[PDB]
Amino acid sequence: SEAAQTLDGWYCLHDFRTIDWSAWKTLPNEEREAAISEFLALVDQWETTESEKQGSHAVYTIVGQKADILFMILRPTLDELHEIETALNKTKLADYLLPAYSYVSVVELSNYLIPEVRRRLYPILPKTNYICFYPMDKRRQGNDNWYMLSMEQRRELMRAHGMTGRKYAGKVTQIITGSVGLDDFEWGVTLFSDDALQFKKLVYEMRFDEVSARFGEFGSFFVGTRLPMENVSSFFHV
């Protein structure tokens, strides 16, 4: 069947870490203070890039034990993601930010269904209270094989999906990234909302759309609260 076609924007890194609190507590106070200052100077550089419209980023603390902090970073090139990851890992604070999970993808718009397009391809991440991230595949199993469907069938299934999503306009903003050939699943799904319950409302409602019911295969789900840089010192205080 006819392959879908995409427009592609910025590369995206989701970098999840666990905080080594017991080790952090043993670090002398002035060294913790210097590590927090060093980290915030790094983020200052990211903010400069964002203000110049050459990238975007967001920082969230993650609920539960799967992760404690998320750095979501969008850049025009894969090399810039490698350099930002490397610079972060060389900070003192990163010695206490243990690997938890990561995702490499690229902002994607598809063929199924201008300044407005560019705002989506090169998104400034919203400053919402909450974030949700999970990866997904579309199933290739028996009669539930998305990639064997005709283009017309896939278009109609996506139309129904979009109708459900439009009900959550003004409540949730989604950034879909494509990762076929780049990471372990086929898409990254990032949701932003000021009400975390809307993540549950939207995703559960969509599970009854036929495209999700028959073809969705989901990875792990991460939910978090925004970490304003002015709260970093407080958050890491011990």
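The numbering used is simple: start at 1 and walk along the sequence shown.
Counting the deposited residues that fall between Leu113 and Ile114 and carry no coordinates gives a value of 4 to 9.
Between the stretches 94-102 and 117-125, it is 117-125 that shows the larger average CA temperature factor. Stretches 29-37 and 201-209 differ in mean CA B factor, with 29-37 having the higher one. Among all modelled residues in this chain, the alpha-carbon of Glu80 has a temperature factor (C-alpha) in the highest third.
When all modelled residues of the chain are sorted by CA temperature factor, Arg154 is found within the lowest third. Remark: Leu42 belongs to the highest third of its chain, ranked by C-alpha B-factor as recorded. Ranked by C-alpha B-factor against the other modelled residues of its chain, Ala160 falls in the middle third.
In this PDB entry, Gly64 carries a Cα temperature factor that places it within the middle third of its chain's modelled residues.
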